[PDB]
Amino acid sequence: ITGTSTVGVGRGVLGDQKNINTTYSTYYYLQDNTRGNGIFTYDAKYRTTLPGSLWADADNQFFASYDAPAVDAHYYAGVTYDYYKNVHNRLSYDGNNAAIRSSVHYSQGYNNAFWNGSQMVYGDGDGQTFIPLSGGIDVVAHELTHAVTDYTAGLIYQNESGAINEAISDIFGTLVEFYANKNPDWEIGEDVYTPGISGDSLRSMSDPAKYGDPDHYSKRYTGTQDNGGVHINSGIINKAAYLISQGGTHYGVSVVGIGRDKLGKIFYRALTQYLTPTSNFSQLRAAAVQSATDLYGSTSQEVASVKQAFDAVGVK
């Protein structure tokens, strides 16, 4: 809508208070005019029609329980935008400040969130498996990262290319979580998954096998479930990414860690320069090796560690 940029205040899904950029014209809308062509957050009203209604509020205070998923979807979209801009000099998901749209209260007790090719969509969860999924900064950045992928490599959401797609979203979701310095870790969805159980998450990057995901290519899922194991075989790449950043030994292969900033640079370059819609794990290795070479030189520690990380997960 047309109006004036304002700043409201509310509480997120975790009960945390934060300021949010809004727009005033009769109502205060969840519309942040400060980032690119804007960040817009919508109410899906428990339906599956999209986007729903642009979120409108009478007083610019967002403290109702119903407000919470909207506050977080809106806020964390902004943080993710800031990450890509400040860290990778990327202006929104298309690199041209495209408007970012999110819908919350999607369906009834919906235990998921997604990027649908046009916007982000967040369920509220059933209150057992999940609380509203926008409450997770890694979740929001994971979903927004699918948009980045859509506009760059275009990785097909199937088999090895789909597993890389997923891993890319987990990697950058985690890097955004560290960027925000908001209880960061190498797990996915810990802030919104199973409110009855502390310490668990949907996926682990540091140890994918913790939750049954493969941490070596020989252990890859070969069947047809989950689009050919896109959230399963992502474990192999997530493990590689973890090792590149943090180092460690894994299946008797030693990896010297080069840190999060360099992991980000190498995978961002891979994604934007070398990966294609049908890239497989072997091609990701080559893309990451080439990227590290462009950035740090072919005899660098950075290149050596990429090779060792991929060696460790059995990807040649």
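For every residue, the number given is its place in the sequence shown, counted from 1.
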Practice task
Give the stretch, out of 160-168 and 220-228, with the larger mean C-alpha temperature factor in the deposited entry.
Solution key: 220-228
Practice task
Would you determine, from the values in the PDB entry, which of 11-19 and 297-305 has the greater average C-alpha temperature factor?
Solution key: 297-305
Exercise for the section: Quick one: which of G212, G123, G135, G78 shows the highest Cα temperature factor in the PDB entry? Expected result: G212
Handout entry: Maximum C-alpha temperature factor, selected from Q119, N183, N112, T149
Key = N183
Problem - CA B-factor ranking of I39, expressed as a third of its chain - result: lowest
Handout entry: Cα B factor band for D94 (lowest, middle or highest third within the chain)
Key = middle
Exercise for the section: Within this chain's modelled residues, let me know which third the CA B factor of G173 belongs to: lowest, middle or highest. Expected result: lowest
Completion exercise
Tertile call for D200 (CA temperature factor, within chain, third-based) is the highest
Problem - Chain-wide C-alpha B factor ranking for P69, given as lowest, middle or highest third - result: lowest
